[PDB]
$ cat data.csv   # CSV, C-alpha atoms and all ligand atoms
chain,number,residue,atom,x,y,z
A,1,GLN,CA,146.3,30.6,70.4
A,2,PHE,CA,144.1,30.1,67.4
A,3,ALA,CA,145.2,30.9,63.8
A,4,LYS,CA,141.6,31.1,62.6
A,5,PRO,CA,138.1,31.1,64.2
A,6,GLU,CA,137.8,27.5,63.0
A,7,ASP,CA,140.5,26.5,65.4
A,8,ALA,CA,138.8,28.1,68.4
A,9,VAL,CA,135.6,26.3,67.4
A,10,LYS,CA,137.5,23.0,67.2
A,11,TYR,CA,139.1,23.7,70.6
A,12,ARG,CA,136.0,24.5,72.5
A,13,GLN,CA,134.0,21.6,71.0
A,14,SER,CA,136.9,19.2,72.1
A,15,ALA,CA,137.0,20.7,75.6
A,16,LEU,CA,133.2,20.4,76.0
A,17,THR,CA,133.4,16.8,74.7
A,18,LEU,CA,135.9,15.9,77.5
A,19,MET,CA,133.9,17.7,80.1
A,20,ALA,CA,130.8,15.9,79.1
A,21,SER,CA,132.7,12.6,79.5
A,22,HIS,CA,134.2,13.4,82.9
A,23,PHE,CA,130.8,14.6,84.2
A,24,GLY,CA,128.5,12.0,82.6
A,25,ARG,CA,130.7,9.0,83.6
A,26,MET,CA,129.7,9.7,87.2
A,27,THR,CA,126.0,9.3,86.5
A,28,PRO,CA,125.9,5.6,87.5
A,29,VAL,CA,127.8,6.4,90.7
A,30,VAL,CA,125.4,9.2,91.7
A,31,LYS,CA,122.5,6.8,91.1
A,32,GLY,CA,124.0,3.9,93.0
A,33,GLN,CA,124.2,1.7,89.9
A,34,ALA,CA,127.9,1.6,90.3
A,35,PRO,CA,129.9,1.6,93.5
A,36,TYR,CA,131.2,4.8,95.2
A,37,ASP,CA,135.0,4.9,95.7
A,38,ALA,CA,135.6,8.3,97.3
A,39,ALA,CA,139.2,8.5,96.0
A,40,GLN,CA,138.3,7.6,92.4
A,41,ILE,CA,135.6,10.3,92.4
A,42,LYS,CA,137.9,12.9,94.0
A,43,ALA,CA,140.5,12.4,91.2
A,44,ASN,CA,137.9,12.5,88.5
A,45,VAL,CA,136.3,15.7,89.7
A,46,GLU,CA,139.9,17.2,89.9
A,47,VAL,CA,140.1,16.5,86.1
A,48,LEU,CA,136.6,17.9,85.6
A,49,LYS,CA,137.7,21.1,87.5
A,50,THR,CA,140.6,21.6,85.2
A,51,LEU,CA,138.6,20.9,82.1
A,52,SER,CA,135.7,23.1,83.1
A,53,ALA,CA,137.8,26.2,83.0
A,54,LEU,CA,139.0,25.7,79.4
A,55,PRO,CA,136.1,26.3,76.9
A,56,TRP,CA,135.4,29.9,77.7
A,57,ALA,CA,138.7,31.4,76.4
A,58,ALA,CA,137.9,29.8,73.0
A,59,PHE,CA,134.7,32.0,72.6
A,60,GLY,CA,136.8,35.1,72.0
A,61,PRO,CA,135.5,38.0,69.9
A,62,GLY,CA,135.0,37.0,66.2
A,63,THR,CA,135.0,33.2,66.9
A,64,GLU,CA,131.4,32.8,65.7
A,65,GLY,CA,130.9,29.3,64.5
A,66,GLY,CA,129.8,25.8,65.4
A,67,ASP,CA,126.6,25.6,67.4
A,68,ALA,CA,127.4,28.8,69.3
A,69,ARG,CA,124.5,31.3,69.2
A,70,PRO,CA,125.5,34.8,68.4
A,71,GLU,CA,124.0,36.1,71.6
A,72,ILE,CA,127.2,34.8,73.3
A,73,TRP,CA,128.9,37.9,71.9
A,74,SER,CA,126.1,40.5,71.8
A,75,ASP,CA,125.3,39.7,75.5
A,76,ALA,CA,128.9,39.1,76.8
A,77,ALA,CA,128.1,40.1,80.5
A,78,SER,CA,125.4,37.6,80.7
A,79,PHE,CA,127.5,34.8,79.1
A,80,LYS,CA,130.3,35.5,81.5
A,81,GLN,CA,127.9,35.2,84.4
A,82,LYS,CA,126.6,31.9,83.2
A,83,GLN,CA,130.1,30.4,82.8
A,84,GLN,CA,131.2,31.9,86.1
A,85,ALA,CA,128.2,30.3,87.8
A,86,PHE,CA,128.7,27.0,86.2
A,87,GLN,CA,132.3,27.0,87.5
A,88,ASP,CA,131.1,27.9,90.9
A,89,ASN,CA,128.8,24.9,90.8
A,90,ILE,CA,131.9,22.8,89.9
A,91,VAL,CA,133.6,24.2,93.1
A,92,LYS,CA,130.6,22.8,95.1
A,93,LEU,CA,131.1,19.4,93.4
A,94,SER,CA,134.8,19.5,94.2
A,95,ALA,CA,134.0,20.2,97.8
A,96,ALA,CA,131.6,17.3,98.0
A,97,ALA,CA,134.1,15.0,96.3
A,98,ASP,CA,137.0,16.1,98.5
A,99,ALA,CA,134.8,15.5,101.6
A,100,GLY,CA,133.8,12.0,100.4
A,101,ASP,CA,130.2,12.8,101.0
A,102,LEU,CA,127.9,10.9,98.7
A,103,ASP,CA,124.8,12.9,99.6
A,104,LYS,CA,126.5,16.2,98.9
A,105,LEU,CA,127.9,14.7,95.7
A,106,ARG,CA,124.4,13.8,94.4
A,107,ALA,CA,123.1,17.2,95.2
A,108,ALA,CA,126.0,19.1,93.6
A,109,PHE,CA,125.9,16.8,90.5
A,110,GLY,CA,122.3,17.8,89.9
A,111,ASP,CA,123.1,21.5,90.3
A,112,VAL,CA,125.9,21.2,87.8
A,113,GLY,CA,123.7,19.4,85.3
A,114,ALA,CA,121.1,22.2,85.6
A,115,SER,CA,123.8,24.8,84.9
A,116,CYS,CA,124.8,22.9,81.8
A,117,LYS,CA,121.2,22.9,80.5
A,118,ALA,CA,120.6,26.6,81.5
A,119,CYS,CA,123.5,27.8,79.3
A,120,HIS,CA,122.5,25.5,76.4
A,121,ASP,CA,119.0,26.8,76.4
A,122,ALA,CA,120.3,30.4,76.0
A,123,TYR,CA,123.4,30.0,74.0
A,124,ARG,CA,123.6,26.8,72.0
A,125,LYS,CA,121.8,26.3,68.7
A,126,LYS,CA,119.4,23.4,68.4
B,1,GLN,CA,133.2,5.2,80.4
B,2,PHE,CA,132.4,4.6,76.8
B,3,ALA,CA,129.2,3.0,75.5
B,4,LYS,CA,130.8,2.0,72.2
B,5,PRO,CA,134.3,2.0,70.8
B,6,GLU,CA,133.3,5.1,68.7
B,7,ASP,CA,133.0,7.0,71.9
B,8,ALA,CA,136.5,6.2,73.1
B,9,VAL,CA,137.8,7.2,69.7
B,10,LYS,CA,135.9,10.6,70.0
B,11,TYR,CA,137.3,11.0,73.5
B,12,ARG,CA,141.0,10.4,72.6
B,13,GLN,CA,140.9,12.6,69.5
B,14,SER,CA,139.4,15.4,71.6
B,15,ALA,CA,142.0,15.0,74.3
B,16,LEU,CA,144.9,14.9,71.8
B,17,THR,CA,143.4,18.0,70.1
B,18,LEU,CA,143.6,19.9,73.4
B,19,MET,CA,147.1,18.7,74.1
B,20,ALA,CA,148.2,19.8,70.8
B,21,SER,CA,146.8,23.2,71.5
B,22,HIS,CA,148.4,23.6,74.9
B,23,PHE,CA,151.7,22.3,73.6
B,24,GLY,CA,151.8,24.2,70.3
B,25,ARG,CA,150.7,27.5,71.7
B,26,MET,CA,154.1,27.8,73.5
B,27,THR,CA,156.1,27.5,70.2
B,28,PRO,CA,156.4,31.3,69.7
B,29,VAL,CA,157.5,31.7,73.4
B,30,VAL,CA,160.2,29.0,73.1
B,31,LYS,CA,161.5,30.7,69.9
B,32,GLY,CA,161.5,34.2,71.4
B,33,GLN,CA,158.8,35.5,69.0
B,34,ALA,CA,156.5,36.1,71.9
B,35,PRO,CA,157.5,37.2,75.4
B,36,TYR,CA,158.2,34.8,78.3
B,37,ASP,CA,156.0,35.3,81.3
B,38,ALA,CA,157.1,32.6,83.7
B,39,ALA,CA,153.8,32.5,85.6
B,40,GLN,CA,151.7,32.2,82.3
B,41,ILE,CA,153.8,29.3,81.1
B,42,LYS,CA,153.8,27.6,84.5
B,43,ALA,CA,149.9,27.6,84.5
B,44,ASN,CA,149.7,26.5,80.9
B,45,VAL,CA,152.1,23.5,81.5
B,46,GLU,CA,150.0,22.5,84.5
B,47,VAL,CA,147.0,22.3,82.1
B,48,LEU,CA,149.2,20.3,79.7
B,49,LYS,CA,150.2,18.0,82.5
B,50,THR,CA,146.6,17.1,83.3
B,51,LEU,CA,145.7,16.7,79.6
B,52,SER,CA,148.7,14.6,78.8
B,53,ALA,CA,147.5,11.8,81.1
B,54,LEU,CA,144.0,11.5,79.5
B,55,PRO,CA,144.3,9.9,76.1
B,56,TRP,CA,145.8,6.6,77.1
B,57,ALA,CA,142.8,5.2,79.0
B,58,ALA,CA,140.7,5.6,75.8
B,59,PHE,CA,142.8,3.1,73.9
B,60,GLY,CA,141.3,0.2,75.8
B,61,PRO,CA,141.0,-3.2,74.3
B,62,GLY,CA,138.6,-3.4,71.4
B,63,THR,CA,138.7,0.4,70.8
B,64,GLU,CA,140.2,0.1,67.3
B,65,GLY,CA,139.2,3.0,65.2
B,66,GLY,CA,140.2,6.5,64.1
B,67,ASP,CA,143.8,6.8,62.9
B,68,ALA,CA,145.1,4.4,65.6
B,69,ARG,CA,147.2,1.6,64.2
B,70,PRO,CA,146.4,-1.9,65.3
B,71,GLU,CA,149.9,-2.3,66.7
B,72,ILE,CA,148.8,-0.3,69.7
B,73,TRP,CA,147.0,-3.4,70.8
B,74,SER,CA,149.2,-6.2,69.5
B,75,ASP,CA,152.2,-4.5,71.0
B,76,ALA,CA,150.7,-3.3,74.3
B,77,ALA,CA,153.9,-3.3,76.4
B,78,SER,CA,155.7,-1.1,73.8
B,79,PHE,CA,152.8,1.3,73.5
B,80,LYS,CA,152.6,1.7,77.3
B,81,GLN,CA,156.3,2.4,77.4
B,82,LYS,CA,156.0,5.1,74.7
B,83,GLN,CA,153.1,6.9,76.6
B,84,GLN,CA,154.9,6.5,79.9
B,85,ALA,CA,158.0,8.1,78.4
B,86,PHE,CA,156.1,10.8,76.8
B,87,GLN,CA,154.6,11.6,80.2
B,88,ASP,CA,158.0,11.6,81.8
B,89,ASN,CA,159.1,14.2,79.2
B,90,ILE,CA,156.1,16.3,80.3
B,91,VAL,CA,157.4,16.0,83.9
B,92,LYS,CA,160.7,17.5,82.7
B,93,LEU,CA,158.8,20.3,81.0
B,94,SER,CA,156.8,21.0,84.2
B,95,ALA,CA,160.0,21.2,86.1
B,96,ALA,CA,161.5,23.7,83.7
B,97,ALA,CA,158.3,25.8,83.8
B,98,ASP,CA,158.1,25.6,87.6
B,99,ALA,CA,161.7,26.8,87.9
B,100,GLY,CA,161.0,29.7,85.4
B,101,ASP,CA,164.1,28.6,83.4
B,102,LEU,CA,163.7,29.5,79.8
B,103,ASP,CA,166.7,27.5,78.7
B,104,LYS,CA,165.4,24.4,80.4
B,105,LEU,CA,162.0,25.1,78.9
B,106,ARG,CA,163.4,25.2,75.3
B,107,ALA,CA,165.3,22.0,75.8
B,108,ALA,CA,162.4,20.1,77.4
B,109,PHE,CA,160.0,21.4,74.7
B,110,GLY,CA,162.1,19.8,72.0
B,111,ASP,CA,162.2,16.5,73.8
B,112,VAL,CA,158.4,16.5,74.2
B,113,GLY,CA,158.0,17.3,70.6
B,114,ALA,CA,160.3,14.4,69.6
B,115,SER,CA,158.3,12.1,71.9
B,116,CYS,CA,155.1,13.1,70.1
B,117,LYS,CA,156.6,12.3,66.7
B,118,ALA,CA,158.1,9.0,67.9
B,119,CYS,CA,154.8,7.6,68.9
B,120,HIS,CA,153.1,8.9,65.7
B,121,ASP,CA,155.7,7.2,63.6
B,122,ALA,CA,155.0,3.8,65.2
B,123,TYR,CA,151.3,4.0,66.1
B,124,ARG,CA,149.4,6.6,64.0
B,125,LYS,CA,148.1,5.9,60.5
B,126,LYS,CA,149.2,8.3,57.8
A,201,LIG,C1,127.7,28.1,78.7
A,201,LIG,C2,128.2,28.8,79.9
A,201,LIG,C3,127.8,26.6,78.7
A,201,LIG,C4,127.9,25.7,79.8
A,201,LIG,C5,127.9,26.0,81.3
A,201,LIG,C6,128.0,24.4,79.3
A,201,LIG,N1,128.0,24.4,77.9
A,201,LIG,FE1,127.9,22.8,76.7
A,201,LIG,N2,128.1,24.1,75.1
A,201,LIG,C7,128.0,25.4,75.1
A,201,LIG,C8,128.0,26.0,73.8
A,201,LIG,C9,127.9,27.4,73.4
A,201,LIG,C10,128.2,24.9,73.0
A,201,LIG,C11,128.3,25.0,71.4
A,201,LIG,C12,129.8,25.2,71.1
A,201,LIG,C13,130.1,25.3,69.6
A,201,LIG,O1,130.9,26.2,69.3
A,201,LIG,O2,129.7,24.4,68.9
A,201,LIG,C14,128.2,23.8,73.8
A,201,LIG,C15,128.4,22.5,73.4
A,201,LIG,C16,128.5,21.3,74.1
A,201,LIG,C17,128.8,20.0,73.6
A,201,LIG,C18,129.0,19.6,72.1
A,201,LIG,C19,130.5,19.8,71.8
A,201,LIG,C20,130.8,19.3,70.4
A,201,LIG,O3,131.3,18.1,70.2
A,201,LIG,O4,130.5,20.0,69.4
A,201,LIG,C21,128.7,19.2,74.6
A,201,LIG,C22,128.9,17.7,74.6
A,201,LIG,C23,128.4,20.0,75.8
A,201,LIG,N3,128.3,21.3,75.4
A,201,LIG,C24,128.3,19.5,77.1
A,201,LIG,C25,128.2,20.2,78.3
A,201,LIG,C26,128.1,19.7,79.6
A,201,LIG,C27,128.0,18.3,80.0
A,201,LIG,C28,128.0,20.8,80.4
A,201,LIG,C29,128.0,20.9,81.9
A,201,LIG,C30,128.9,19.9,82.6
A,201,LIG,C31,128.2,21.9,79.6
A,201,LIG,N4,128.2,21.6,78.3
A,201,LIG,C32,128.1,23.2,80.1
A,201,LIG,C33,127.8,26.2,76.3
A,201,LIG,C34,127.9,25.7,77.6
A,202,LIG,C1,151.5,7.7,71.6
A,202,LIG,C2,152.1,7.3,72.9
A,202,LIG,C3,151.3,9.1,71.3
A,202,LIG,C4,151.9,10.2,71.8
A,202,LIG,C5,153.0,10.3,72.8
A,202,LIG,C6,151.3,11.3,71.2
A,202,LIG,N1,150.3,11.0,70.4
A,202,LIG,FE1,149.3,12.1,69.0
A,202,LIG,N2,148.2,10.5,68.5
A,202,LIG,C7,148.4,9.2,68.8
A,202,LIG,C8,147.5,8.4,68.1
A,202,LIG,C9,147.5,6.9,68.2
A,202,LIG,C10,146.7,9.2,67.4
A,202,LIG,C11,145.5,8.7,66.6
A,202,LIG,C12,144.3,8.6,67.5
A,202,LIG,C13,143.0,8.2,66.8
A,202,LIG,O1,142.3,7.3,67.4
A,202,LIG,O2,142.7,8.7,65.8
A,202,LIG,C14,147.1,10.5,67.7
A,202,LIG,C15,146.5,11.6,67.2
A,202,LIG,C16,146.8,13.0,67.4
A,202,LIG,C17,146.1,14.1,66.9
A,202,LIG,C18,144.8,14.1,66.0
A,202,LIG,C19,143.6,14.0,66.9
A,202,LIG,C20,142.3,14.1,66.1
A,202,LIG,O3,141.8,15.3,66.1
A,202,LIG,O4,141.9,13.2,65.5
A,202,LIG,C21,146.8,15.2,67.3
A,202,LIG,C22,146.5,16.6,67.1
A,202,LIG,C23,147.9,14.7,68.1
A,202,LIG,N3,147.9,13.3,68.1
A,202,LIG,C24,148.9,15.5,68.7
A,202,LIG,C25,149.9,15.1,69.6
A,202,LIG,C26,150.9,15.9,70.2
A,202,LIG,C27,151.0,17.4,70.0
A,202,LIG,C28,151.7,15.1,71.0
A,202,LIG,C29,152.8,15.4,71.9
A,202,LIG,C30,152.5,16.7,72.7
A,202,LIG,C31,151.1,13.9,70.8
A,202,LIG,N4,150.1,13.8,70.0
A,202,LIG,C32,151.6,12.7,71.5
A,202,LIG,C33,149.5,8.8,69.6
A,202,LIG,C34,150.3,9.6,70.4
$ encode --input "data.csv" --output "structure tokens" --more "lines below"
Ligand code: HEC
Ligand code: HEC
Amino acid sequence: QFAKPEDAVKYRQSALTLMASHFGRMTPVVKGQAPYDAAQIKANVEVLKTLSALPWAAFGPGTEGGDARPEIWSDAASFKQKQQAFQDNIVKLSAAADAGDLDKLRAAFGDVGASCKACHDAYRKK
Amino acid sequence: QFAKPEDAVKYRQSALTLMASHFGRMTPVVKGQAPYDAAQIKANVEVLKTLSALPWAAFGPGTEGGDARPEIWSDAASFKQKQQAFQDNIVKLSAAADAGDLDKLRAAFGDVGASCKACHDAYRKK
């Protein structure tokens, strides 16, 4: 859906920006600094779930740019694995949120955060 | 969820960017320049539906910035109506897409596009 590689870069950066917001805005809740409303968190994680599927289709072949490292494309199998795993960690978070289980929420949130960092260490320019 | 008004501006612009992509990428399909796969379009409109609810919460009080006109905040009732209407036009599009009805899809797509322009004429800086 992108006329030029620039448009794919713009898309993925926007998607990752929204993900970051929908993930990070839960940080105070996980830490107990803000109250836990199970229904609020369930709805937010549903949005996160939808958003977390979007960036990967905008790293199509030839869409080098931004702060993407070229290894995303020279090591495609490995990159796919990392996004697939990340999305599996999101499923765990959805399950926690759907169950209304604050302990499972905290644990799953940490695993998601680690998955974010893991990809960035391999595939995002500093 | 925004530490500073700048962060709300960044959020809404990102959300509107993704909306624009998920809406505009259907243009060739509506025109018959690209094939109509009912299931593909149903899934895309589902993403559009989720995205189309997101920008409005990032125009909270005091989040002046970007290309938002100040009338968004001096005329809050009217702005709410325009986003509510826009989202109702999205419901019509979802219904078309869920029914797999290309004629209803074309018509609803045009109405959505008109709703985009209507808000921009009133509330977005040139
Ligand atoms: C690889 C499988 C990734 C996972 C998982 C996550 N991110 Fe990431 N992120 C990745 C890349 C390759 C890039 C660079 C994209 C580019 O073309 O520039 C990014 C970037 C971000 C950004 C910056 C976006 C921008 O405004 O330019 C943010 C805010 C970001 N990523 C956040 C983020 C979070 C919170 C994640 C887990 C919830 C996460 N990303 C996962 C690659 C990958
Ligand atoms: C008011 C109810 C709006 C509706 C409906 C739509 N948009 Fe809009 N849009 C609106 C504002 C006030 C702004 C400026 C936001 C700011 O703070 O800068 C915008 C902006 C856009 C943008 C640019 C985003 C960016 O990268 O800076 C795009 C691409 C955009 N809008 C597209 C768009 C489409 C396709 C719409 C219907 C599907 C649509 N918008 C509706 C206000 C409103």
$ atom_distance --input "data.csv" --atom1 "atom CA of residue A:27" --atom2 "atom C8 of ligand LIG 201 (chain A)"
21.1 Å
$ residues_around --input "data.csv" --residues "residue B:98" --least-positions-apart "2" --cutoff "10 Å" --atoms "all atoms listed in the file" --output "PyMOL selection string"
chain B and resi 38-39+41-43+45-46+92-96+100-101+105
$ atom_distance --input "data.csv" --atom1 "atom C27 of ligand LIG 201 (chain A)" --atom2 "atom CA of residue A:74"
23.7 Å
$ interface_residues --input "data.csv" --of "chain B" --to "chain A" --cutoff "8 Å" --atoms "only C-alpha atoms" --output "PyMOL selection string"
chain B and resi 1+11+14-15+17-18+21+25+47+50
$ residues_near_ligand --input "data.csv" --ligand "ligand LIG 202 (chain A)" --cutoff "7 Å" --atoms "all atoms listed in the file" --output "list in words"
residues 9, 12, 13, 14, 16, 17, 19, 20, 23, 24, 65, 66, 67, 68, 69, 79, 82, 83, 86, 112, 113, 115, 116, 117, 119, 120, 123 and 124 of chain B
$ calpha_fit_and_write --input "data.csv" --fixed "chain A" --moving "chain B" --output "mmCIF file with C-alpha atoms, keeping the file's coordinate frame"
data_model
loop_
_atom_site.group_PDB
_atom_site.id
_atom_site.type_symbol
_atom_site.label_atom_id
_atom_site.label_comp_id
_atom_site.auth_asym_id
_atom_site.auth_seq_id
_atom_site.Cartn_x
_atom_site.Cartn_y
_atom_site.Cartn_z
ATOM 1 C CA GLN B 1 146.240 30.625 70.406
ATOM 2 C CA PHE B 2 144.118 30.114 67.374
ATOM 3 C CA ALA B 3 145.170 30.898 63.801
ATOM 4 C CA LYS B 4 141.578 31.140 62.580
ATOM 5 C CA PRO B 5 138.181 31.178 64.213
ATOM 6 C CA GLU B 6 137.724 27.524 63.005
ATOM 7 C CA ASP B 7 140.466 26.553 65.346
ATOM 8 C CA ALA B 8 138.846 28.067 68.414
ATOM 9 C CA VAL B 9 135.629 26.338 67.461
ATOM 10 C CA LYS B 10 137.553 22.947 67.214
ATOM 11 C CA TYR B 11 139.169 23.694 70.560
ATOM 12 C CA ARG B 12 135.923 24.465 72.491
ATOM 13 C CA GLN B 13 134.022 21.504 71.049
ATOM 14 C CA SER B 14 136.899 19.228 72.071
ATOM 15 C CA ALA B 15 137.023 20.663 75.555
ATOM 16 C CA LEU B 16 133.230 20.423 76.027
ATOM 17 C CA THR B 17 133.402 16.818 74.713
ATOM 18 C CA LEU B 18 135.875 15.934 77.478
ATOM 19 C CA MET B 19 133.846 17.693 80.118
ATOM 20 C CA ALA B 20 130.850 15.872 79.113
ATOM 21 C CA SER B 21 132.721 12.651 79.480
ATOM 22 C CA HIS B 22 134.129 13.394 82.907
ATOM 23 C CA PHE B 23 130.783 14.676 84.103
ATOM 24 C CA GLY B 24 128.565 11.971 82.596
ATOM 25 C CA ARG B 25 130.724 9.073 83.598
ATOM 26 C CA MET B 26 129.738 9.691 87.277
ATOM 27 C CA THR B 27 125.958 9.313 86.537
ATOM 28 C CA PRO B 28 125.852 5.587 87.476
ATOM 29 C CA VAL B 29 127.818 6.352 90.734
ATOM 30 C CA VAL B 30 125.433 9.171 91.750
ATOM 31 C CA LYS B 31 122.444 6.829 91.116
ATOM 32 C CA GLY B 32 123.949 3.901 93.030
ATOM 33 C CA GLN B 33 124.218 1.677 89.912
ATOM 34 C CA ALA B 34 127.951 1.622 90.264
ATOM 35 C CA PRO B 35 129.925 1.653 93.514
ATOM 36 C CA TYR B 36 131.248 4.822 95.206
ATOM 37 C CA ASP B 37 134.972 4.903 95.666
ATOM 38 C CA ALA B 38 135.626 8.269 97.247
ATOM 39 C CA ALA B 39 139.235 8.488 96.049
ATOM 40 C CA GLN B 40 138.252 7.616 92.353
ATOM 41 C CA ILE B 41 135.604 10.307 92.309
ATOM 42 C CA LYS B 42 137.849 12.861 94.007
ATOM 43 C CA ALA B 43 140.510 12.391 91.195
ATOM 44 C CA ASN B 44 137.918 12.429 88.458
ATOM 45 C CA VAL B 45 136.350 15.745 89.748
ATOM 46 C CA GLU B 46 139.825 17.269 89.869
ATOM 47 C CA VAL B 47 140.118 16.440 86.124
ATOM 48 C CA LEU B 48 136.644 17.955 85.635
ATOM 49 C CA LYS B 49 137.703 21.038 87.508
ATOM 50 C CA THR B 50 140.627 21.682 85.174
ATOM 51 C CA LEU B 51 138.525 20.941 82.061
ATOM 52 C CA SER B 52 135.647 23.087 83.140
ATOM 53 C CA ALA B 53 137.786 26.244 82.971
ATOM 54 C CA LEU B 54 138.984 25.670 79.347
ATOM 55 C CA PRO B 55 136.134 26.300 76.961
ATOM 56 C CA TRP B 56 135.433 29.904 77.775
ATOM 57 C CA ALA B 57 138.680 31.398 76.437
ATOM 58 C CA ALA B 58 137.854 29.886 72.996
ATOM 59 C CA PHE B 59 134.749 32.004 72.616
ATOM 60 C CA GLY B 60 136.792 35.111 71.949
ATOM 61 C CA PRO B 61 135.504 37.907 69.847
ATOM 62 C CA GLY B 62 135.026 37.014 66.216
ATOM 63 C CA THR B 63 134.985 33.236 66.947
ATOM 64 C CA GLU B 64 131.402 32.743 65.719
ATOM 65 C CA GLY B 65 130.921 29.280 64.456
ATOM 66 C CA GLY B 66 129.869 25.759 65.436
ATOM 67 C CA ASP B 67 126.584 25.578 67.350
ATOM 68 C CA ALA B 68 127.353 28.765 69.348
ATOM 69 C CA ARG B 69 124.572 31.306 69.204
ATOM 70 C CA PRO B 70 125.488 34.850 68.369
ATOM 71 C CA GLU B 71 124.061 36.038 71.674
ATOM 72 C CA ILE B 72 127.216 34.820 73.338
ATOM 73 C CA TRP B 73 128.862 37.862 71.890
ATOM 74 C CA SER B 74 126.085 40.442 71.882
ATOM 75 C CA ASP B 75 125.325 39.593 75.466
ATOM 76 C CA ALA B 76 128.873 39.172 76.813
ATOM 77 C CA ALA B 77 128.204 40.134 80.457
ATOM 78 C CA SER B 78 125.367 37.539 80.703
ATOM 79 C CA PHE B 79 127.420 34.817 79.079
ATOM 80 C CA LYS B 80 130.344 35.453 81.462
ATOM 81 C CA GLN B 81 127.976 35.259 84.386
ATOM 82 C CA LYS B 82 126.561 31.907 83.191
ATOM 83 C CA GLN B 83 130.127 30.360 82.802
ATOM 84 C CA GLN B 84 131.230 31.864 86.091
ATOM 85 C CA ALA B 85 128.227 30.300 87.810
ATOM 86 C CA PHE B 86 128.696 27.056 86.161
ATOM 87 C CA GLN B 87 132.268 27.044 87.463
ATOM 88 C CA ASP B 88 131.102 27.893 90.933
ATOM 89 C CA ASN B 89 128.791 24.832 90.783
ATOM 90 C CA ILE B 90 131.885 22.768 89.896
ATOM 91 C CA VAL B 91 133.557 24.198 93.042
ATOM 92 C CA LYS B 92 130.622 22.836 95.069
ATOM 93 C CA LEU B 93 131.031 19.469 93.384
ATOM 94 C CA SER B 94 134.788 19.438 94.170
ATOM 95 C CA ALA B 95 133.998 20.154 97.742
ATOM 96 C CA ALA B 96 131.547 17.291 97.981
ATOM 97 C CA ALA B 97 134.056 14.929 96.313
ATOM 98 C CA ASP B 98 136.908 16.138 98.532
ATOM 99 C CA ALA B 99 134.813 15.509 101.647
ATOM 100 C CA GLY B 100 133.839 11.972 100.346
ATOM 101 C CA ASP B 101 130.149 12.847 101.007
ATOM 102 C CA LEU B 102 127.935 10.953 98.674
ATOM 103 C CA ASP B 103 124.853 12.922 99.589
ATOM 104 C CA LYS B 104 126.591 16.189 98.885
ATOM 105 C CA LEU B 105 127.914 14.700 95.670
ATOM 106 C CA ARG B 106 124.376 13.786 94.416
ATOM 107 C CA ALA B 107 123.053 17.205 95.227
ATOM 108 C CA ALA B 108 125.955 19.107 93.634
ATOM 109 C CA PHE B 109 125.803 16.837 90.541
ATOM 110 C CA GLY B 110 122.230 17.877 89.899
ATOM 111 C CA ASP B 111 123.061 21.531 90.212
ATOM 112 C CA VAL B 112 125.942 21.182 87.727
ATOM 113 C CA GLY B 113 123.716 19.384 85.367
ATOM 114 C CA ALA B 114 121.075 22.154 85.594
ATOM 115 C CA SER B 115 123.820 24.738 84.985
ATOM 116 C CA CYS B 116 124.826 22.904 81.806
ATOM 117 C CA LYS B 117 121.255 22.916 80.505
ATOM 118 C CA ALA B 118 120.697 26.574 81.446
ATOM 119 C CA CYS B 119 123.501 27.786 79.319
ATOM 120 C CA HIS B 120 122.511 25.464 76.413
ATOM 121 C CA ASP B 121 119.017 26.823 76.486
ATOM 122 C CA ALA B 122 120.237 30.422 76.068
ATOM 123 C CA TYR B 123 123.435 30.031 74.027
ATOM 124 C CA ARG B 124 123.532 26.746 72.033
ATOM 125 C CA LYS B 125 121.811 26.297 68.677
ATOM 126 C CA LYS B 126 119.404 23.400 68.409
#
$ atom_distance --input "data.csv" --atom1 "atom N3 of ligand LIG 201 (chain A)" --atom2 "atom CA of residue A:6"
16.8 Å
$ closest_residue --input "data.csv" --among "A:33, A:91, A:104, A:80" --to "ligand LIG 201 (chain A)" --atoms "all atoms listed in the file"
A:80
$ closest_residue --input "data.csv" --among "A:125, A:35, A:61, A:103" --to "residue A:75" --atoms "only C-alpha atoms"
A:61
$ build_atoms --input "data.csv" --residues "stretch 80-86 of chain B" --atoms "N, CA and C atoms" --output "short mmCIF file (atom, residue, chain, number, x, y, z; two decimals), in the coordinates of the input"
data_model
loop_
_atom_site.label_atom_id
_atom_site.label_comp_id
_atom_site.auth_asym_id
_atom_site.auth_seq_id
_atom_site.Cartn_x
_atom_site.Cartn_y
_atom_site.Cartn_z
N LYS B 80 152.58 1.17 75.94
CA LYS B 80 152.60 1.70 77.30
C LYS B 80 153.93 2.42 77.61
N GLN B 81 155.03 1.81 77.20
CA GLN B 81 156.30 2.40 77.40
C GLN B 81 156.40 3.79 76.70
N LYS B 82 155.93 3.87 75.45
CA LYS B 82 156.00 5.10 74.70
C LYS B 82 155.09 6.20 75.42
N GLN B 83 153.87 5.87 75.89
CA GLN B 83 153.10 6.90 76.60
C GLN B 83 153.74 7.24 77.91
N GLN B 84 154.31 6.26 78.60
CA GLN B 84 154.90 6.50 79.90
C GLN B 84 156.12 7.45 79.74
N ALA B 85 156.93 7.21 78.73
CA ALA B 85 158.00 8.10 78.40
C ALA B 85 157.63 9.47 78.03
N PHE B 86 156.61 9.56 77.19
CA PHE B 86 156.10 10.80 76.80
C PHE B 86 155.69 11.59 78.12
#
